[PDB]
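Peer 1: Before I ask anything, here's the sequence and the deposited coordinates:
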Amino acid sequence: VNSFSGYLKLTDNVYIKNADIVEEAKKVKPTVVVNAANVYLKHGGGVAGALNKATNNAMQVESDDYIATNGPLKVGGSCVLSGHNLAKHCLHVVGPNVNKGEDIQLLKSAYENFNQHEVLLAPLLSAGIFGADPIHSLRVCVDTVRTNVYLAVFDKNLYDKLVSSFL
Ligand SMILES: NC(=O)c1c[nH]c2ncnc(NCc3cc(O)ccc3F)c12
């Protein structure tokens, strides 16, 4: 039993909800919140911009130190950093950004990072400003992630479409 509330169950391990991931994280304080990161951990917009703003820019300060030490992530890769006031940990996961021409096949590799954590609050990878089809992202999620994932979908119109079209 966990503290997530109001999710629709899609499969044995995948759950979905119309919610603002920032507000959901503040309420649940999950062990792991997933950020829709880019390889530079520059949290300018989308989910990343919103998660960072909620931390009063502490996420960005920590991220800049991480990059200065370790260099950029790989597309499809991830790193674990602090969750600040939102969660115990933040798993920064880089899905391909279609508006940069990156291979959509890397979306599966990106979701594989979730399997290193028993329970996660997450957005759909590569959705929103990363330019991928959220219906496809949900399909890859369900077919790749085996751990317990709670998906927060910001747009109410999009959520109903994902549910209604889910096979
Ligand atoms: N600034 C942001 O994007 C977000 C900030 N918090 C969030 N919490 C959950 N979902 C989000 N985006 C999902 C989304 C995907 C899509 O394809 C179209 C619209 C849309 F809203 C965001």
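Peer 2: Sure thing, it's come through. Numbering: from 1, shown residues only.
Peer 1: how about the residues of this protein that lie near the ligand?
Peer 2: 20-22, 46-47, 50, 123, 127-128, 134, 152-155, 158 (Cβ under 6 Å from any ligand atom). C-beta here means a position set from N, CA and C on the backbone, and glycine is covered the same way.
Peer 1: Among those residues, which lie within strands?
Peer 2: If you go by DSSP state E, those have 152-153 in strands.
Peer 1: Can you go through the residues of the chain next to the ligand and name the buried ones?
Peer 2: Buried positions within those, assessed by neighbour count (16 or more other Cβ atoms under 10 Å), are 21-22, 46-47, 50, 123, 127-128, 134, 152-154, 158.
Peer 1: Make JSON lines from the residues you listed and add distance to residue 31 to it.
Peer 2: Listed next are those as JSON lines, based on distance: Cβ to Cβ, whole Å:
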{"residue": "21", "distance to residue 31": "15"}
{"residue": "22", "distance to residue 31": "17"}
{"residue": "46", "distance to residue 31": "23"}
{"residue": "47", "distance to residue 31": "18"}
{"residue": "50", "distance to residue 31": "20"}
{"residue": "123", "distance to residue 31": "17"}
{"residue": "127", "distance to residue 31": "23"}
{"residue": "128", "distance to residue 31": "24"}
{"residue": "134", "distance to residue 31": "25"}
{"residue": "152", "distance to residue 31": "15"}
{"residue": "153", "distance to residue 31": "21"}
{"residue": "154", "distance to residue 31": "22"}
{"residue": "158", "distance to residue 31": "26"}
